[PDB]
Amino acid sequence: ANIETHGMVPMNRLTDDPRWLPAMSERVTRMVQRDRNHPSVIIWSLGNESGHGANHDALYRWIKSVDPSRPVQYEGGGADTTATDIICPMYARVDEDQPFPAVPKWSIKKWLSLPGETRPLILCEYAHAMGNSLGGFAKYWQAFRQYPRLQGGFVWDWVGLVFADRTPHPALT
Amino acid sequence: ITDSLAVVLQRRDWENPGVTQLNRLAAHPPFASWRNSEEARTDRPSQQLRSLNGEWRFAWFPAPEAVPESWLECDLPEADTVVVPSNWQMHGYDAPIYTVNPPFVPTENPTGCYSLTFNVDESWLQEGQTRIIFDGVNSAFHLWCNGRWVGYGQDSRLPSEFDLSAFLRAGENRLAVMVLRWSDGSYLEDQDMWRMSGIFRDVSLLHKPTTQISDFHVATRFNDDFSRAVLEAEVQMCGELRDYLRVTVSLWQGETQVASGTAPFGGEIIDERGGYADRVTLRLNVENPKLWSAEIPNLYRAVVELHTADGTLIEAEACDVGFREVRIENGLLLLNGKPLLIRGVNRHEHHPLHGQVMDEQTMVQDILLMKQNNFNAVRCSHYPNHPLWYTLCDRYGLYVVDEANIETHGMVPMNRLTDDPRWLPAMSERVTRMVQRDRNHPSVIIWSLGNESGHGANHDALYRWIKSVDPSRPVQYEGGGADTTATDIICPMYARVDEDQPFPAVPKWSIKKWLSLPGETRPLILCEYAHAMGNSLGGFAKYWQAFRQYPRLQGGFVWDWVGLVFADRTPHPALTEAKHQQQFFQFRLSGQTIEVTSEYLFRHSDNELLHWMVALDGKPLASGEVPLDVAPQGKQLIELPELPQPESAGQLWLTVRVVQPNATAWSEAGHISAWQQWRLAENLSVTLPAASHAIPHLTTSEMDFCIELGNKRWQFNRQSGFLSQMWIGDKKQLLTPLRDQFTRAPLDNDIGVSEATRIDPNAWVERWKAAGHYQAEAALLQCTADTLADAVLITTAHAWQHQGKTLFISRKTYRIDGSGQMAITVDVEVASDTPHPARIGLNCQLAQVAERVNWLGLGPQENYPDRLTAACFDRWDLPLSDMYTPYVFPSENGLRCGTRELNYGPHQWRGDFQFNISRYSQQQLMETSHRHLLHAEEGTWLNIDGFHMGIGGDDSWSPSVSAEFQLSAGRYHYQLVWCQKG
């Protein structure tokens with residue numbers, strides 16, 4: 001869904017405000033009504049980098065009621081809130097923890113085994129490919145193979161892994 | 001008659017799994033039968049409990065049928081005298097054994113016939129019940145009293161009690177105990193230790209009144225914040241029920257009573273037919289109770305008095321009560337609301353010189369040593385322990401896992417008996433009688449169903465029995481994959497931190513992966529890990545890094561306390577590594593600020609002092625002491641003063657240590673509990689050496705190169721290509737030429753289970769032998785000598801070939817300058833297809849024997865690439881004897897890593913190397929079976945390695961050296977400087 005408010009100073013200033021719920025509901029509902037018939041679409045996403053507000057929980061439950069055939073994921077508020085069926089951290093590391101206040105980025109191996117955690121983990125963003133990059137990519141895929149509940153991820157910026165003229169980067173190999 | 005041996009032994013009760021006892025009394029907590037409340041409160045000795053330990057008569061027989069009938073009446077003429085708490089194998093009768101027909105035992109069953117003549121006062125026989133308690137008898141036994149058969153028993157590790165009232169006569173009496181070595185119970189006690197047999201625990205006589213306390217157990221309930229507690233005690237009596245009988249339970253903290261309760265008999269309504277007339281439950285309210293933990297073992301004294309309504313006491317029983325709550329919440333094992341981190345060790349009952357007989361002094365010595373090494377938990381390794389062990393763990397503070405005596409690892413399906421309902425009665429007795437005995441001890445926090453018996457339906461049934469009877473403790477069981485339905489805790493044996501071991505039907509996942517398997521929510525505590533056999537415990541820091549990071553990884557139990565110490569309780573070098581990794585204070589350095597985090601859950605750091613020191617290459621520069629004021633799990637930030645900034649070359653090292661100024665019950669004043677070291681600042685050396693005016697002189701012959709400088713002189717063998725001799729004055733310095741070494745005397749981890757019969761091709765030592773590393777012969781490729789403007793240059797190249805295959809190539813450079821110094825640069829190529837060598841360095845036999853070894857490097861104790869975290873960089877001076885570790889089976893030992901300078905006699909070696917120095921060569925260590933056969937050689941053997949392979953430790957039967965500690969680079973370089981006192 002076309003919801004992205006990363007510039008807000010609390011970052012949930014609008015997604016926790018009920019006055020913005022009508023605006024955000026239109027962006028979620030009209031997407032589902034348009035694309036619900038496509039077999040390729042297997043997961044709904046509530047947006048990107050908008051904190052976690054009560055509007056996210058309400059819109060998460062709307063999708064589950066209208067279309068129970070697809071899981072709903074959302075990074076925001078720590079990537080493991082009640083508004084996501086999948087733990088989907090951004091740029092979580094394989095072994096090193098990043099305990100930021102109120103939104104820690106645990107290592108993906110440790111994140112799975114936290115007390116009470118049963119959901120699968122798929123990284124919505126990992127392996128930043130800006131410039132000469134993608135070092136340690138083999139570390140992620142060693143972990144993906146070994147751990148059943150580590151079910152892959154999405155490399156950031158296809159185009160990126162290729163130039164604008166679609167010429168490939170060395171990291172694409 | 002029917003008391004005769006022929007009748008008694010005819011039914012073969014020791015070959016019947018359905019008969020485990022005959023005429024044995026019910027299990028219960030320990031009883032002393034005090035006739036005075038004050039004596040019970042203060043735990044004074046009771047005159048109603050009499051010990052029969054002492055001198056008994058003993059006779060040995062090859063089989064039970066060989067015992068003559070006359071033994072039942074009179075002591076044999078050839079019977080000798082022994083101290084009854086002993087194993088008869090320790091007296092040399094049949095050979096002790098360290099190592100099938102499931103119900104049957106061999107007909108050649110050695111039999112020990114014990115007999116004792118004792119006196120009984122008439123006061124015991126006129127009134128009351130007199131019983132005899134056998135705390136431990138190995139396998140099975142038959143009991144006679146004055147020639148009359150009494151009963152039969154099994155389950156060596158739990159007390160057997162029999163009523164002797166109808167058998168005792170006023171005056172002199174005689175007891176006859178027929179102990180058999182093997183019974184059907186031996187199939188459930190088929191573990192791996194010295195087998196041994198006899199009456200290995202205490203024998204005592206207890207006199208109880210006609211109306212007596214038959215059983216009692218206590219339960220503690222708490223509110224949300226543990227500010228209010230309820231102590232419920234259920235008391236059961238035996239004998240005649242009278243309406244004037246009363247039971248009083250009083251709780252004492254020291255000498256002040258804090259709670260009390262009195263009630264007549266008659267319990268609450270249980271079901272339709274009513275309630276127990278012989279039971280009463282007393283509820284005692286305690287405000288702000290002092291909680292029990294391993295850190296602070298706060299104990300109360302509960303006194304249970306059976307008395308008349310008027311006020312006359314009949315009998316008194318007492319026990320120590322600790323207030324604590326153990327439960328698993330959200331996949332975490334909590335004690336008093338806090339997540340436990342188990343610093344545990346497995347401990348067998350092994351006396352230093354009396355075999356399996358345990359005494360109080362050895363137990364207190366073991367507990368003190370454990371707590372001084374930051375251990376907080378002990379696993380009762382595969383059987384219930386001596387009763388006094390649990391009392392001592394309550395008082396000093398140690399979490400205890402109590403294990404049922406069930407062990408059937410020798411069965412081919414390994415669950416052949418535990419899945420057989422015909423063996424359920426046998427196994428139930430071993431579980432139920434343990435719980436009935438030890439359920440009142442606060443130190444016991446976890447029940448264990450046994451060890452290495454597969455997983456059968458009997459395990460599930462016995463697991464649910466414990467949960468019903470005692471819901472206050474979790475139940476754990478390894479077996480059937482360590483995560484079955486019969487365990488509340490995933491308790492794998494020797495699971496690795498990162499590497500998975502997917503065995504069929506019982507995989508050993510890595511502990512990190514095991515936690516996150518689909519549907520898995522339980523905590524993980526390793527019942528056995530870090531095998532400490534020989535030179536071992538490599539990679540121990542890997543486990544404790546994982547323990548800290550993952551909340552549901554709550555520690556484990558290191559295998560074999562005694563092991564981590566020798567039989568005489570002398571510590572192994574690996575014990576220091578365990579103490580450092582198990583510290584309760586963690587340290588972080590950021591600039592001039594030291595962050596100290598407390599790992600205690602309950603206590604405040606009120607006996608703690610931080611001493612910091614800054615040294616430059618072992619030379620102290622500044623020091624200071626700061627008191628520690630850290631809340632449980634809190635952080636204290638300690639800002640160091642302006643640290644010294646020397647302009648001399650070298651590395652600055654900051655060392656902190658936690659010192660306890662006051663003595664505790666388990667430690668003496670000045671005890672060091674934690675330490676840490678850092679590198680502060682290094683000034684690289686840029687100064688040139690002094691312009692020596694002299695030049696070493698080179699002479700060339702067809703057999704050798706000779707370099708002469710003053711009184712010193714070097715000789716290089718041109719045929720061998722190695723430095724053969726060095727002379728200071730006219731005194732030779734070497735007995736063996738300085739040559740490259742690529743092998744080490746194999747460790748126990750290097751050997752594995754590779755016997756001479758069942759070879760293990762995957763073992764490290766077998767791969768080295770198959771590759772010819774021990775048989776490779778050095779071949780000289782080139783050897784040249786050139787005179788420089790100020791030095792003499794020697795260049796050599798050797799190839800180590802085995803059966804037409806080059807394993808290693810060594811290119812060495814010798815630079816003898818005019819100052820007398822000798823610089824040695826070594827470049828080594830290792831073939832990629834050969835197994836990685838155990839070491840890359842040099843060795844020689846020095847002619848001189850010296851008393852002290854002085855080196856600037858890591859640790860006073862021996863350390864290895866994967867067991868060096870506990871070691872510290874400083875200047876160490878030790879006698880040569882302390883440079884050798886006396887392992888029972890000789891192997892490579894005594895290595896010191898991270899060494900920059902080594903001094904021995906007049907010789908100094910500088911560089912970046914590891915070394916071991918001793919009087920035994922690596923060749924002798926490989927060929928000598930036991931350390932008592934080791935003999936010192938003529939000189940001193942020195943091994944200087946640029947690189948050394950890590951030691952194993954995850955297990956002892958499979959390769960366990962991690963990839964980052966294997967010598968797999970392929971090409972290696974190191975430099976050494978050899979100088980003298982000039």
# chains A, B, ... in the order shown; residues from 1 in each chain; ligands from 1

call {"tool": "interface_residues", "arguments": {"of": "chain A", "to": "chain B", "cutoff": "12 Å", "atoms": "only C-alpha atoms", "output": "VMD selection string"}}
result
chain A and resid 95 to 99 106 to 121 142 to 150

call {"tool": "write_last_selection", "arguments": {"atoms": "N, CA and C atoms", "output": "mmCIF file, in the first residue's frame"}}
result
data_model
loop_
_atom_site.group_PDB
_atom_site.id
_atom_site.type_symbol
_atom_site.label_atom_id
_atom_site.label_comp_id
_atom_site.auth_asym_id
_atom_site.auth_seq_id
_atom_site.Cartn_x
_atom_site.Cartn_y
_atom_site.Cartn_z
ATOM 1 N N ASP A 95 24.269 -12.438 12.651
ATOM 2 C CA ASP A 95 24.736 -12.823 13.976
ATOM 3 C C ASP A 95 24.812 -11.677 14.972
ATOM 4 N N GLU A 96 24.984 -10.441 14.515
ATOM 5 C CA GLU A 96 25.176 -9.303 15.403
ATOM 6 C C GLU A 96 23.843 -8.628 15.701
ATOM 7 N N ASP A 97 23.582 -8.384 16.983
ATOM 8 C CA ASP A 97 22.380 -7.686 17.413
ATOM 9 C C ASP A 97 22.604 -6.179 17.409
ATOM 10 N N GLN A 98 21.528 -5.438 17.149
ATOM 11 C CA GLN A 98 21.543 -3.974 17.138
ATOM 12 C C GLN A 98 20.413 -3.483 18.031
ATOM 13 N N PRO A 99 20.617 -3.484 19.350
ATOM 14 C CA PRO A 99 19.525 -3.151 20.291
ATOM 15 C C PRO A 99 19.242 -1.655 20.413
ATOM 16 N N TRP A 106 17.339 -7.246 16.331
ATOM 17 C CA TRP A 106 18.011 -8.466 16.740
ATOM 18 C C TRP A 106 18.626 -9.158 15.532
ATOM 19 N N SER A 107 19.654 -9.960 15.787
ATOM 20 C CA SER A 107 20.124 -10.876 14.761
ATOM 21 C C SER A 107 19.000 -11.842 14.407
ATOM 22 N N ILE A 108 18.925 -12.216 13.129
ATOM 23 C CA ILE A 108 17.776 -12.984 12.653
ATOM 24 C C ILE A 108 17.720 -14.352 13.323
ATOM 25 N N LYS A 109 18.881 -14.939 13.622
ATOM 26 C CA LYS A 109 18.902 -16.214 14.334
ATOM 27 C C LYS A 109 18.339 -16.065 15.743
ATOM 28 N N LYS A 110 18.717 -14.990 16.437
ATOM 29 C CA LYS A 110 18.215 -14.767 17.789
ATOM 30 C C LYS A 110 16.752 -14.339 17.774
ATOM 31 N N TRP A 111 16.358 -13.551 16.770
ATOM 32 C CA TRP A 111 14.989 -13.049 16.689
ATOM 33 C C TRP A 111 13.974 -14.185 16.668
ATOM 34 N N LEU A 112 14.307 -15.288 15.996
ATOM 35 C CA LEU A 112 13.374 -16.400 15.869
ATOM 36 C C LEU A 112 13.045 -17.019 17.223
ATOM 37 N N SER A 113 14.035 -17.114 18.111
ATOM 38 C CA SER A 113 13.909 -17.874 19.345
ATOM 39 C C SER A 113 13.571 -17.007 20.554
ATOM 40 N N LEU A 114 13.146 -15.766 20.341
ATOM 41 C CA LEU A 114 12.735 -14.936 21.460
ATOM 42 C C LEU A 114 11.510 -15.549 22.141
ATOM 43 N N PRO A 115 11.384 -15.383 23.458
ATOM 44 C CA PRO A 115 10.266 -16.003 24.188
ATOM 45 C C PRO A 115 8.916 -15.582 23.629
ATOM 46 N N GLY A 116 8.130 -16.574 23.213
ATOM 47 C CA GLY A 116 6.808 -16.345 22.673
ATOM 48 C C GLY A 116 6.737 -16.105 21.180
ATOM 49 N N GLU A 117 7.861 -16.157 20.470
ATOM 50 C CA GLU A 117 7.889 -15.856 19.044
ATOM 51 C C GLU A 117 7.743 -17.143 18.237
ATOM 52 N N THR A 118 6.728 -17.189 17.370
ATOM 53 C CA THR A 118 6.461 -18.359 16.545
ATOM 54 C C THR A 118 6.386 -18.069 15.051
ATOM 55 N N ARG A 119 6.463 -16.810 14.633
ATOM 56 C CA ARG A 119 6.241 -16.445 13.243
ATOM 57 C C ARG A 119 7.476 -16.713 12.387
ATOM 58 N N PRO A 120 7.293 -16.899 11.082
ATOM 59 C CA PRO A 120 8.446 -16.963 10.177
ATOM 60 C C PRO A 120 9.069 -15.590 9.977
ATOM 61 N N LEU A 121 10.328 -15.597 9.553
ATOM 62 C CA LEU A 121 11.090 -14.373 9.338
ATOM 63 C C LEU A 121 11.507 -14.292 7.876
ATOM 64 N N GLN A 142 23.698 -18.873 3.906
ATOM 65 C CA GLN A 142 24.009 -19.982 4.802
ATOM 66 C C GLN A 142 22.959 -20.083 5.902
ATOM 67 N N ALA A 143 22.566 -18.941 6.469
ATOM 68 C CA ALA A 143 21.559 -18.938 7.524
ATOM 69 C C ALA A 143 20.184 -19.305 6.982
ATOM 70 N N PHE A 144 19.862 -18.858 5.764
ATOM 71 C CA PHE A 144 18.571 -19.187 5.169
ATOM 72 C C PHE A 144 18.412 -20.695 5.007
ATOM 73 N N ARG A 145 19.465 -21.367 4.534
ATOM 74 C CA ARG A 145 19.395 -22.809 4.321
ATOM 75 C C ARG A 145 19.271 -23.566 5.638
ATOM 76 N N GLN A 146 20.026 -23.156 6.658
ATOM 77 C CA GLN A 146 20.101 -23.940 7.887
ATOM 78 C C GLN A 146 18.826 -23.829 8.719
ATOM 79 N N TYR A 147 18.240 -22.636 8.801
ATOM 80 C CA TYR A 147 17.115 -22.408 9.698
ATOM 81 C C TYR A 147 15.810 -22.497 8.927
ATOM 82 N N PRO A 148 14.917 -23.432 9.267
ATOM 83 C CA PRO A 148 13.651 -23.543 8.520
ATOM 84 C C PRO A 148 12.804 -22.281 8.539
ATOM 85 N N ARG A 149 12.755 -21.564 9.661
ATOM 86 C CA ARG A 149 11.890 -20.396 9.769
ATOM 87 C C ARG A 149 12.528 -19.125 9.220
ATOM 88 N N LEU A 150 13.786 -19.179 8.788
ATOM 89 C CA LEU A 150 14.391 -18.102 8.007
ATOM 90 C C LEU A 150 14.103 -18.403 6.542
#

call {"tool": "residues_around", "arguments": {"residues": "range 110-126 of chain B", "least_positions_apart": "6", "cutoff": "7 Å", "atoms": "only C-alpha atoms", "output": "ChimeraX atom specification"}}
result
/B:56-64,165,170-181,198,207

call {"tool": "residues_around", "arguments": {"residues": "residue 463 in chain B", "least_positions_apart": "4", "cutoff": "12 Å", "atoms": "only C-alpha atoms", "output": "ChimeraX atom specification"}}
result
/B:404,427-428,431-432,435,447-450,455-459,467-471,473-477,484-488

call {"tool": "closest_residue", "arguments": {"among": "B:708, B:403, B:240, B:287", "to": "residue 380 in chain B", "atoms": "only C-alpha atoms"}}
result
B:403

call {"tool": "residues_around", "arguments": {"residues": "range 82-91 of chain B", "least_positions_apart": "3", "cutoff": "10 Å", "atoms": "only C-alpha atoms", "output": "PyMOL selection string"}}
result
chain B and resi 52-60+79+94-97+112+114-116+135-138+194-203+353-359

call {"tool": "atom_distance", "arguments": {"atom1": "CA of residue 81 in chain A", "atom2": "CA of residue 122 in chain A"}}
result
14.3 Å

call {"tool": "atom_distance", "arguments": {"atom1": "CA of residue 724 in chain B", "atom2": "CA of residue 971 in chain B"}}
result
26.0 Å

call {"tool": "atom_distance", "arguments": {"atom1": "CA of residue 102 in chain B", "atom2": "CA of residue 411 in chain B"}}
result
8.7 Å

call {"tool": "residues_around", "arguments": {"residues": "residue 124 in chain A", "least_positions_apart": "6", "cutoff": "8 Å", "atoms": "only C-alpha atoms", "output": "PyMOL selection string"}}
result
chain A and resi 75+88-90+153-155

call {"tool": "write_last_selection", "arguments": {"atoms": "N, CA, C and O atoms", "output": "PDB file, in the first residue's frame"}}
result
ATOM      1  N   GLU A  75       6.564  -3.962   8.115  1.00  0.00           N
ATOM      2  CA  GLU A  75       7.684  -3.488   8.912  1.00  0.00           C
ATOM      3  C   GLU A  75       7.350  -2.111   9.467  1.00  0.00           C
ATOM      4  O   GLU A  75       6.864  -1.237   8.745  1.00  0.00           O
ATOM      5  N   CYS A  88       9.485  -9.152   9.582  1.00  0.00           N
ATOM      6  CA  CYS A  88      10.078  -8.630   8.353  1.00  0.00           C
ATOM      7  C   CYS A  88      10.995  -7.455   8.668  1.00  0.00           C
ATOM      8  O   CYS A  88      10.710  -6.314   8.298  1.00  0.00           O
ATOM      9  N   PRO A  89      12.122  -7.706   9.332  1.00  0.00           N
ATOM     10  CA  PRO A  89      13.037  -6.611   9.663  1.00  0.00           C
ATOM     11  C   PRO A  89      13.719  -6.041   8.428  1.00  0.00           C
ATOM     12  O   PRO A  89      13.863  -6.698   7.396  1.00  0.00           O
ATOM     13  N   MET A  90      14.136  -4.785   8.553  1.00  0.00           N
ATOM     14  CA  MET A  90      14.957  -4.123   7.550  1.00  0.00           C
ATOM     15  C   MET A  90      16.412  -4.174   7.993  1.00  0.00           C
ATOM     16  O   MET A  90      16.762  -3.633   9.046  1.00  0.00           O
ATOM     17  N   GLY A 153      14.491 -13.373   1.885  1.00  0.00           N
ATOM     18  CA  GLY A 153      14.337 -11.935   1.998  1.00  0.00           C
ATOM     19  C   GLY A 153      14.371 -11.280   0.637  1.00  0.00           C
ATOM     20  O   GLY A 153      14.486 -11.942  -0.397  1.00  0.00           O
ATOM     21  N   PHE A 154      14.264  -9.954   0.655  1.00  0.00           N
ATOM     22  CA  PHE A 154      14.260  -9.138  -0.553  1.00  0.00           C
ATOM     23  C   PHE A 154      15.478  -8.227  -0.548  1.00  0.00           C
ATOM     24  O   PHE A 154      15.621  -7.382   0.341  1.00  0.00           O
ATOM     25  N   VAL A 155      16.352  -8.405  -1.539  1.00  0.00           N
ATOM     26  CA  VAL A 155      17.507  -7.531  -1.694  1.00  0.00           C
ATOM     27  C   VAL A 155      17.039  -6.141  -2.102  1.00  0.00           C
ATOM     28  O   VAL A 155      16.177  -5.986  -2.975  1.00  0.00           O
TER      29      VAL A 155
END

call {"tool": "residues_around", "arguments": {"residues": "range 127-137 of chain A", "least_positions_apart": "3", "cutoff": "6 Å", "atoms": "only C-alpha atoms", "output": "VMD selection string"}}
result
chain A and resid 140 155 to 156 160

call {"tool": "closest_residue", "arguments": {"among": "A:72, A:43, A:159, A:63", "to": "residue 172 in chain A", "atoms": "only C-alpha atoms"}}
result
A:159

call {"tool": "residues_around", "arguments": {"residues": "residue 781 in chain B", "least_positions_apart": "2", "cutoff": "10 Å", "atoms": "only C-alpha atoms", "output": "list in words"}}
result
residues 720, 721, 778, 779, 783, 796, 797, 798, 799, 809, 810 and 811 of chain B

call {"tool": "select_by_dssp", "arguments": {"residues": "range 11-159 of chain B", "states": "helix (DSSP H, G or I)", "output": "list in words"}}
result
residues 13, 14, 15, 37, 38, 39, 40, 41, 64, 65, 66, 69, 70, 71, 72, 88, 89, 90, 91, 122, 123, 124, 125 and 126 of chain B

call {"tool": "select_by_dssp", "arguments": {"residues": "range 744-801 of chain B", "states": "strand (DSSP E or B)", "output": "PyMOL selection string"}}
result
chain B and resi 777-787+791-801
